[PDB]
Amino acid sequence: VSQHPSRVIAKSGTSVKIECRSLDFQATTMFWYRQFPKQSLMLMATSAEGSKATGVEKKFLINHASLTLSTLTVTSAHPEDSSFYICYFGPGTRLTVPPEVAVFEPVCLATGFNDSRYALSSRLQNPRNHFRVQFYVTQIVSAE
């Protein structure tokens, strides 16, 4: 099970595409547990049996199609810019509405992404060997 459109820069006045697929299987019903980057297994809608249609405050449409496809459409609400939208389980899909880090040699670092800004950190004599995060048009980087 995949969410082919993993993370991505959804913008203002925008509807989001996210297609759960499983071509090497056979399906039945699919859920779409929501969240924030921290709170947990929240929810959205789903399908039932093969396909029996779909609180009270919940623009997070869905429309199961083939035993294969079924996407969730989100039409730009104010900025909550992600939470692994997920659909057996599938990978994660980010959203949004910011880079240039530092690295060092011999520990790493990724910095540069009211406002409310952040930082995220990690860390770790053979020749030129290598060691190489996220932001979510598009984004990705490293620190060889």
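Start at 1 and count along the sequence shown; that's the residue number.
Participant: Please classify the unmodelled stretch of the deposited sequence between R132 and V133: none, 1 to 3, 4 to 9, or 10 or more residues.
Facilitator: Gap size class: 1 to 3 residues without coordinates, per the record.
Participant: Are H78 and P79 truly consecutive in the deposited sequence, or are residues between them missing coordinates? Give the number as none, 1 to 3, 4 to 9, or 10 or more.
Facilitator: Going from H78 to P79, the model skips no residues of the deposited sequence.
Participant: Higher average CA B factor in the deposited record is what I'm after, so tell me if that's 42-50 or 62-70.
Facilitator: Taking the mean C-alpha B-factor of 42-50 and of 62-70, the larger value falls to 42-50.
Participant: In terms of the CA temperature factor given in the entry, to which third of its chain does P37 belong: lowest, middle or highest?
Facilitator: Its C-alpha B-factor belongs to the highest third of this chain's values.
Participant: Using only modelled residues of the chain, where does the Cα B factor of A110 rank: lowest third, middle third or highest third?
Facilitator: Its C-alpha B-factor, which the entry lists for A110, ranks in the highest third among residues of this chain.
Participant: By the record's CA B-factor, is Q26 among the lowest, middle or highest third of residues in the chain?
Facilitator: For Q26, the deposited C-alpha B-factor lands in the lowest third.
Participant: Among the modelled residues of its chain, does the C-alpha B-factor of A119 lie in the lowest, middle or highest third?
Facilitator: Middle third by C-alpha B-factor.
Participant: For the chain shown, is the CA B-factor of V56 in the lowest, middle or highest third of its modelled residues?
Facilitator: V56: CA B-factor falls in the highest third of its chain.
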